[PDB]
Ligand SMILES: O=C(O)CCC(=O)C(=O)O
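Here you get one chain, nothing else, as structure tokens; it is the form solved without the ligand.
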């Protein structure tokens, strides 16, 4: 299968025909993901129809944000290290959509089954805003300019899924183990490579887009050494600290260090596939709900 476009990152727009086989499709297009850190995969229209929108009141009620994480980040510029916090409290989707009213981007009680049935018209957020490229460029630049001035809060992994139960095609929840992230403006995921160095699919069910950065496998050693440069203290008692501590590094910085860095914007209804030995990191542009699993092809 051919790559449709490129934002430094391969973009695939498969037809339901080939899209049908997830394993055969992934195995027929792995040579691209092993070059660039990640690959985007837009599902076909006849697939998006298989979805049930809006989600039923129960589907929404099932959503439970277990142990939210706040991030305390510190660092001059380009380099930052994040100190994820604890959130003993727990939220439901309605509470999270409301919580996103505190973590708003710049410009320029007990609950009943009825509450969710009502919320079936408010679970989304206006996306026409993020349709502008220069708009996204702005947010990203503001994000790097002001990372240590805020304590972002993520909806750290929580088992579950919102994909149609009767859905077997591309069922990220059940493939022939799924988790939900709760996005919030400026919430960031540092540099890392999936455990056991496996693959993973990340799907944004709804909400603001995600920003993605990936290091081409070829540069995973330049990148590694450069990270041993800064933070030399860890270069001692650590064989693997990129998977021990949380570190953020801007592309603009890496670029000007002989380390290529891919960048792409992950939108609602799209799939991202992280490949083995493909370092990746990024942040959220605001309120969203994402689902992801880790798999293997061999």
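Positions refer to the first chain, counted from 1.
The form solved in complex with the ligand exists for this protein as well; it is not shown, and the discussion that follows is about that form.
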- Query: Would residue 214 count as a contact of the ligand in the deposited bound form, using a 4.5 angstroms cut-off between non-hydrogen atoms?
  - Reply: no
- Message: My question is simply whether residue 194 lines the interface with the ligand in the deposited bound form - judged by any non-hydrogen atom within 4.5 Å.
- Response: yes
- Query: Is residue 186 close to the ligand in the deposited bound form, meaning a heavy atom pair under 4.5 Å apart or at it?
  - Reply: no
- Close approach of residue 223 to the ligand in the deposited bound form, 4.5 Å, heavy atom: no
- May I ask you to choose, among 178, 200, 92, 171, the residue with a heavy atom within 4.5 Å of the ligand in the deposited bound form? 200
- Query: Looking at 116-124, 138-146, 159-167, 205-213, which one sits within 4.5 Å of the ligand in the deposited bound form if you count heavy atoms only?
  - Reply: 205-213
- Message: When the ligand is placed as it is in the deposited bound form, are 274, 280 and 292 each within 4.5 Å of it, taking any non-hydrogen atom of the residue?
- Response: yes
